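# Observations on the three-dimensional arrangement
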2 protein chains.
Amino acid sequence: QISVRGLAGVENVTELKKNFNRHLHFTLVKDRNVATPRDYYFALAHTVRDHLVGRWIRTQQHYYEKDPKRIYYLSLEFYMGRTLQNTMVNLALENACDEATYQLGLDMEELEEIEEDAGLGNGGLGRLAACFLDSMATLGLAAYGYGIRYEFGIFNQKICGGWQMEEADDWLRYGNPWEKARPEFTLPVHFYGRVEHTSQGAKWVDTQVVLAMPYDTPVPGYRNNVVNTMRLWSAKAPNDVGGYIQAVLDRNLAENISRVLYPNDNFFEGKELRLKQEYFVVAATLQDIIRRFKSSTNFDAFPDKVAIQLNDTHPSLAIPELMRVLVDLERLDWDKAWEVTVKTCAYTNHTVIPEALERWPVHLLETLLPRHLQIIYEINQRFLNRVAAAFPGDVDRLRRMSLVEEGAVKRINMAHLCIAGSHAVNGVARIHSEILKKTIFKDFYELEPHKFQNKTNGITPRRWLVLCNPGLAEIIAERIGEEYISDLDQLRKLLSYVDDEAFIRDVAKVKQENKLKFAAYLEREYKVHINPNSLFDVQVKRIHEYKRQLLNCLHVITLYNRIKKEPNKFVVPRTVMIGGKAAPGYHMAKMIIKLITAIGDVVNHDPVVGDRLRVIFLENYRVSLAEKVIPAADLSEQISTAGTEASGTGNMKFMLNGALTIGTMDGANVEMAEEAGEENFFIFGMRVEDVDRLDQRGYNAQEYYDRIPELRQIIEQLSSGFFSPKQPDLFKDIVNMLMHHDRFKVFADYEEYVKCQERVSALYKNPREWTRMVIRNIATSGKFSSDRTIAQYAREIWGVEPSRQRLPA
Amino acid sequence: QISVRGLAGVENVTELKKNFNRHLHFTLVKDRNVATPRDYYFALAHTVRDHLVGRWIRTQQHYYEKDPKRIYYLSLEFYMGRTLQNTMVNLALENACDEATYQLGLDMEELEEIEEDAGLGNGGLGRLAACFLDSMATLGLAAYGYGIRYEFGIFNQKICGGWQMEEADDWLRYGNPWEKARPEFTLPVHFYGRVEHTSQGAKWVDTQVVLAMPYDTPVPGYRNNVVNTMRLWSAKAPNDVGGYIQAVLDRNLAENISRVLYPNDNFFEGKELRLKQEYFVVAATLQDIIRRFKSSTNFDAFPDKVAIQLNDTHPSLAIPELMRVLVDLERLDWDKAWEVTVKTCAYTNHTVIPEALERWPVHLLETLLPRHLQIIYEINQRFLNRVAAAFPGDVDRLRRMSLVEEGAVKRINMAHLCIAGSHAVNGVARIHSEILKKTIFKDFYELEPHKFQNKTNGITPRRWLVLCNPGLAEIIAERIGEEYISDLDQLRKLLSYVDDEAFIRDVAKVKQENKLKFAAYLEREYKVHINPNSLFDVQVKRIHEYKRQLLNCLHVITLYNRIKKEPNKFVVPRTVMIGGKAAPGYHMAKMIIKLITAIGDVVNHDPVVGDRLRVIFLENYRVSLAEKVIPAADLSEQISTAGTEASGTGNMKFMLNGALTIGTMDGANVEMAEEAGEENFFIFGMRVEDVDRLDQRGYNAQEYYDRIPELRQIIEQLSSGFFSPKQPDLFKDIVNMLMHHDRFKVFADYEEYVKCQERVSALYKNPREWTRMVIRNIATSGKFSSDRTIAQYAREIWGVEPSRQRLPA
Ligand SMILES: O=C(NC(=O)c1ccc([N+](=O)[O-])cc1)N[C@@H]1O[C@H](CO)[C@@H](O)[C@H](O)[C@H]1O
Ligand SMILES: O=C(NC(=O)c1ccc([N+](=O)[O-])cc1)N[C@@H]1O[C@H](CO)[C@@H](O)[C@H](O)[C@H]1O
Ligand SMILES: O=C(NC(=O)c1ccc([N+](=O)[O-])cc1)N[C@@H]1O[C@H](CO)[C@@H](O)[C@H](O)[C@H]1O
Ligand SMILES: O=C(NC(=O)c1ccc([N+](=O)[O-])cc1)N[C@@H]1O[C@H](CO)[C@@H](O)[C@H](O)[C@H]1O
Ligand SMILES: *Cc1c(COP(=O)(O)O)cnc(C)c1O
Ligand SMILES: *Cc1c(COP(=O)(O)O)cnc(C)c1O
């Protein structure tokens, strides 16, 4: 139907249909009379999976023959989403499968909705790992993603009585057709025990053993026939009546390590189970890496054949674990082992907020990983000796830079460990990387300037454009070809169409179709109609005070009060959509969700408002839902307090899909505005410097409350129970926080935000000009392709060259 | 190679080879360069499994169209063993697969050893269920086996320092290619809660819910194209940070229900988890049965379309559960519901030993299944009213027959419940069924004579002859054809070959080859040589005092002492093999295993003995091992105290495979001797009547110790530490038991046993006559085919006619 979805040749369609029927029969043990919708999805999944096999075997065989430098991306999160459509897209089988299933009397889009999301992540950090895997495969890098096969991913969110309820995400219930267990690579992981110092080196003994069984998932590159691997480890107890029965049941204790993903993305919690997960993935991965290295013994060449990227400090134990193996098992001298370690490891930081940084209590490491604690102390001693030599007499610096933090309970600062043991440390956006050098990592930057780099984030154009918005991808391709899908910078060619009446009309048509499509979805799976002609104002991302969904809420209430004040005045119709999950123990975040639904309960049922304003909370925001809502958005809300959002990636997804952005000069927003031109962006609020000035003199929210009548009215409504009749003081915690302890200065940006929003409404009233600005945004979103990001990591950190050359078959 | 293994046609072999390579590639994601032995096994398993699909779909479709009466065999145990070879045997693909794998350069027998046994049973009771499924499929009955999919079956047994060590049987670790999950049939099971009596009937509320997810395994009939189903239920928690994390981890509690098989086959233990397993299988199965019944509402015809067979009392809750559904949910009147229940249920008893009978504490049922306890009390009240009317004034009878036992803690006697709620109750051997009527069930027999029946056990000739002993099956087929494989009575035709010199020579040759084959296996997988020319004296079965492995031990020691007494006298060489697992908490059974190994440690290293006597303990006895050792045995030890072994089935396996039997007139041994002729059996010991006479006057072991010098010597050796130098009093518990509290009268049968064993040795010295007696045993083993047993259950209990007619394809 659509050319960017590939060819639907007769022989290919015929083959697909027969293999589909073959799997339904032999694999599913069903015939068209008793087959359930799920049976059909699995038959299709197997049929597509079959096309990956040859390429997967050939790719791995290829790496063995050429023996390239291998890239290992270690992450505790891989927010993959669904795999079926993405696989068809990268293999150019979408149209063929669509035709094949059509001929069999089935709707492929209906079958795609049956697949469960692989939600093995919380948000941005986990999704970045996913986009990176896609880009690394597309760029021909011998890359491996290593993580944990959680049997329960991020919880499914249910909204009950306006409150978030958490439900277990049993995503493996019906099976996962994409994974392949590799029992021959099962490896032992050690815990607890003690250290013995003998004549020849230290020895870690009396440990408890847990087995790590790997499951491999294929990662197909975009039409280059490359299929890389994502290997996830699953925990298994070693095999060696009340007592007997209990012993068997207690096996669950050991296997609980890979049971569930920790959902706290706001505050670090030093929980033992989480520490076990972190060591579990690191220990099994490093053994696998070393095995592959030896199967390709001087470790001097180890850094030339191995690159380990640490996604945040979560897998930071890789540093002392590599030292342990090299010193304790391989018997290399410390200095040489350290040289190898630093040269193979690199660390990526994702936030500057204190509460999110990992600082593990010493007593916990002491009990669980005694040898690693000793190695960490030794690393610290040698590092601090270097600091003392470079800054003689600077005693305060020694205290600040130590990997060991003193006080109540001694803790190990994992970020400091990562910097000391990595040859490269990077931020994820220009402004973020600069802040790292000026604030939290200043001392380290002064000691080792060369280590600090910037690698602005990106998103894959395949899942975030071709897959979720084929209509837009097609009108772009009709004019500039398909080459931009793997070379996004080519979108700049669209700048010469900004005045093309035909193109302007098509861009607007695609957006309208997406909105109608989403407006429908809303009614089918949920229960409310929305004016498809209203401006779709969307803010989707995890709920956090720093992301300021609260500021958005203040604007919504302002709009509502203005309508009530002058009912018969014309106002641009809006459908405000807010969605995202809140970490289970994050009280304020859960109160914000309740506030949003409470506002909707009032606004959506006010006769005077009509369909000029609607407030909808998008339930269970996840990758699959993002693929639906983003293409339908008109306005992207990226309003974090300047200096708090390291980069953001949702912002890039919206820009690539035809939405204009209203935001602060924070994270990647700065670079997006720079690429598109500030006149094509809706920028407002305090800049980082402004926030600093306010902190210097002290932030007093009362001042804003006293000087802004509209803000005062809103606060009084919240306090008096206007949005919670039956529970008058329901939102007292929110008002108290805003008035006395708001770390994110919501009131400080209120006035500029409301004024900026008025300018957005003004532009929406002029369809043609709104669309021309949209075109200017899409045309300059090329820099934000994760292919660009990965190419920079490859050349500037890993020391490998990207390849666009395809492979046999 | 061997005609009884089917044809190896060119087209069939060619097809098998290509499908094997197809699975290795697409299913295993491997090529002949990195494929592991396990990869090859799975490729073969999938290839064979593919041939089952069409027949499986057609069979179930067939039952829907014809809507025959369905037979439901409920069991907490299904001791299946391996599936690959059995499937090839029943589909006549053995030779073809053998040739196909051969051409690919692989040894099929080597690949078969990779499959894990499905050890979902303890012994005889669980294996009977397995043979029954095979026979029901072979006889064309619309039969379903229902049970639990334990993720851990019977423990693997390790012998350390002569002691049994238990190891978890993680049989699903590498996956099970034979099963197919059926998520569309997931059903809820209720626990705890309370009963509410409203205007219209009782209601069970506030219950905890656990989901039952079924997994189906195909059960192929012998070359009749019928493929029945064995459906096993797996427990799943319903889907609805410390608290959040713990809530997810606590899901294991609910899922623990299907985690492990209880290994106590000696003493009943009222454990809550076991009760949960029993209700879990019954609740899910009955809902499935009713669904299928409605999908084919007067339940008057329910008994005409449904038959439920209870394997022991383990699934006895089916009786009150069926009443619950009919009365509480379907709203039928009690009397009508009871009529339906009795007419559809039948109960099979497997032992008369008190300690093995299920007697659940009332307080346990009260908490876990409140409604069922109420239903049970009502059943009891109505039943006892019938008893009172039939035997007016007999107050003691009312106490004896009650389903409720008074005393320390009130308990529900499940056997009494089963008799009251079943239209048929059967023993498993003629002598056992008679004892039931004369002793433990006498009162019930007097009230309802028509309910009591006998159904002598049997074994399937396919796994127990064709599969494990192809050599013997072939020489038999060469002379009488292949028809006997599904009509075992035809073996009688062999009686006309007892004087055939050619046949006599072939029977002896086959046995010699099997012994050499097993003698080798012993050295390869274990570490000792054995004289292939010695008489193979074998006793394999679970370790129990009533089975008297101890009596066997006394004979071994006697033989050893006699050799030591007169070293230079000729004695027929023997290799005594004893094997079997002991229930984890069965102290005496574990001491018997230690004694056996201790005896071996002395006998096997005595220079004077040489290779005239060897004592070997066969480690990890299981179905797979039985298929190897039984065909190699010369002498089968079936020496339980008369009146204790209900039937025994291992005895039948040995008879069918060319071993002579030494045993007591117990269980099926009586019928085996009757079929073959007492002169062709080595019978010894007290008969049931003799044991009764001894109990009347009182058993005094001292009397035997004082009158038998050889026995006295043995006891003194055990007591003085002759078999445990470092631990002089190691076997004091055994000596104390034998001398003061032996419920099984080991000493009472000692003299006759030793004398009988001498006659066995005398016959072994005459090869030709030994073989002629063997032929007479094999020729009359036909009655012991489970096909005969099932045909009797079908006609006399279930009310259905067996069919030997094959099906399409
Ligand atoms: O577990 C399975 N069992 C069988 O396919 C099967 C087929 C035939 C027979 N048989 O007895 O003929 C038994 C099991 N199949 C599984 O069904 C899942 C859901 O579609 C797929 O994702 C898995 O890759 C597939 O192996
Ligand atoms: O998602 C993030 N972090 C987490 O999910 C997370 C996970 C665990 C913990 N923890 O404390 O355990 C804290 C945060 N960080 C996000 O990573 C994105 C990719 O670079 C950035 O663009 C965002 O600005 C950043 O907030
Ligand atoms: O889990 C499996 N995954 C795959 O076969 C597979 C194949 C190809 C790709 N792929 O990405 O191309 C991914 C997974 N296969 C499983 O391997 C087991 C052991 O042989 C079999 O018993 C199961 O029936 C089969 O489904
Ligand atoms: O195997 C048996 N019993 C058990 O495995 C068993 C299971 C559970 C409990 N329990 O108390 O829970 C007791 C015995 N019984 C055996 O069932 C065979 C088949 O009819 C008979 O031939 C044997 O004589 C009988 O001992
Ligand atoms: C892209 C994405 C994110 C990150 O969004 P930000 O606004 O950068 O925080 C989070 N969740 C999902 C499901 C995503 O697709
Ligand atoms: C046949 C069999 C049994 C039963 O043996 P008996 O001697 O009747 O107790 C037990 N275990 C296995 C593995 C069997 O094959």
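Residues numbered from 1 in each chain as written, not as in the entry; some residues may be left out. Chains lettered and ligands numbered in written order. Heavy atoms only, no water. Residues with missing side-chain atoms left out of burial classes, pairs and counts.

Put simply, the rule reads: UniProt positions are given in the numbering used here, feature names are shortened, and annotations may be inferred rather than shown by experiment.
Going by the annotation in the PDB entry, the name recorded for chain A is Glycogen phosphorylase, muscle form, with Oryctolagus cuniculus given as the source organism. Recorded in the entry header as its title is "Glycogen Phosphorylase b in complex with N-4-nitrobenzoyl-N'-beta-D-glucopyranosyl urea". The UniProt entry for chain A carries this comment under Subunit: "Homodimer. Homotetramer; to form the enzymatically active phosphorylase A."

## Topic: the packing of aromatic side chains
Using the following cut-off: Only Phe, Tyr and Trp rings are paired, with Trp represented by its six-membered ring, and only when their centres lie within 6.5 Å; those with planes under 30 degrees apart are stacked, over 60 edge-to-face, the remainder tilted. Cation placement over rings: the criterion is NZ of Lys or CZ of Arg within 6 Å of the ring centroid and within 35° of the ring normal.
In the structure shown here, the tally under the stated rule is 52 aromatic pairs over all chains. Judged by centre distance (6.4 Å) and plane angle (85 degrees), the rings of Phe441(A) and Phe444(A) are edge-to-face. With a centroid separation of 5.0 Å and 75 degrees between ring planes, the pair formed by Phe293(B) and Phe302(B) is classed as edge-to-face. An aromatic cluster is built from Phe383(A), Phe441(A), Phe444(A), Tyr445(A) and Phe452(A), whose rings are joined through pairwise contacts. Cation over ring: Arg397(A) sits above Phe391(A), and NZ or CZ is 3.8 Å from the ring centre. Its end group placed over the ring of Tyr174(B), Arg38(B) keeps NZ or CZ at 3.7 Å from the ring centre.

## With respect to the nonpolar core
The condition is simple: Put simply, a nonpolar core is a bunch of buried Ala, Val, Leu, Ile, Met, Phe, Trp, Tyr and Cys residues held in one set by side-chain atoms that sit within 4.5 Å of each other. Throughout, exposure labels follow a simple rule: accessible area from a 1.4 Å probe, protein chains only, divided by the maximum for the residue type, with under 20% read as buried, over 50% as exposed, and the rest as partly exposed. The numbering of helices and of strands both runs from the N terminus, where a helix is a DSSP run of H or I of at least 4 residues and a strand a run of E of at least 2. Contacts: residue pairs with any heavy atoms within 4.5 Å of one another.
Ranked by internal contacts, the top residues of the largest apolar core, which has 260 residues, are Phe280(B), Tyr484(B) and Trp798(B). With 12 residues, helix α9 (residues 272-294) of chain B is the single largest residue contributor to this core. For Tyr484(B), the contacting residues outside a window of four places in its chain are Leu465(B), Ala473(B), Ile476(B), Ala477(B), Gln490(B) and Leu491(B). Listed in part, the 258 residues of the second largest apolar core include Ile459(A), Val540(A), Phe654(A) and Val746(A).

## A word on the interface of chain B and chain A
Which entries qualify depends on this criterion: When two parts are put together, the accessible area they lose, computed with a 1.4 Å probe and summed over both, is reported as buried area. By definition here, a salt bridge exists when the distance from a side-chain nitrogen of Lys or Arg to a carboxyl oxygen of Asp or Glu is within 4 Å. In protein, a polar contact means a hydrogen-donor-capable atom and an acceptor-capable atom, both N or O and within 3.5 Å, with residues adjacent in sequence counting only if both atoms are side-chain atoms; elsewhere, any N or O pair within 3.5 Å suffices. Side-chain classes follow a simple rule in which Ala, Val, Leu, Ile, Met, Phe, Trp, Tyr, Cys and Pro form the nonpolar group, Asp, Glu, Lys and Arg form the charged group, and the remainder, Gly included, forms the polar group.
Residue-level contacts link 50 residues of chain B with 50 residues of chain A. Between chain B and chain A, the buried area comes to about 4700 Å², and carbon and sulfur atoms account for 63% of it. Across the chain B-chain A interface, the total number found is four salt bridges. A salt bridge links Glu184(B) to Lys30(A); its shortest N-O distance comes to 3.1 Å. At the boundary of chain B and chain A, one finds 14 residue pairs in polar contact. Those elements that place two or more of their residues in the side of chain B that touches chain A are α1 (10-27), α2 (37-66), β6 (163-167), β11 (208-220), α7 (242-249) and α8 (251-255) of chain B. Among the elements that take part in the side of chain B that touches chain A, α2(B) stands out by supplying five residues, more than any other. Among the residues making up the side of chain B that touches chain A, the classes are represented as 25 nonpolar, nine polar and 16 charged.

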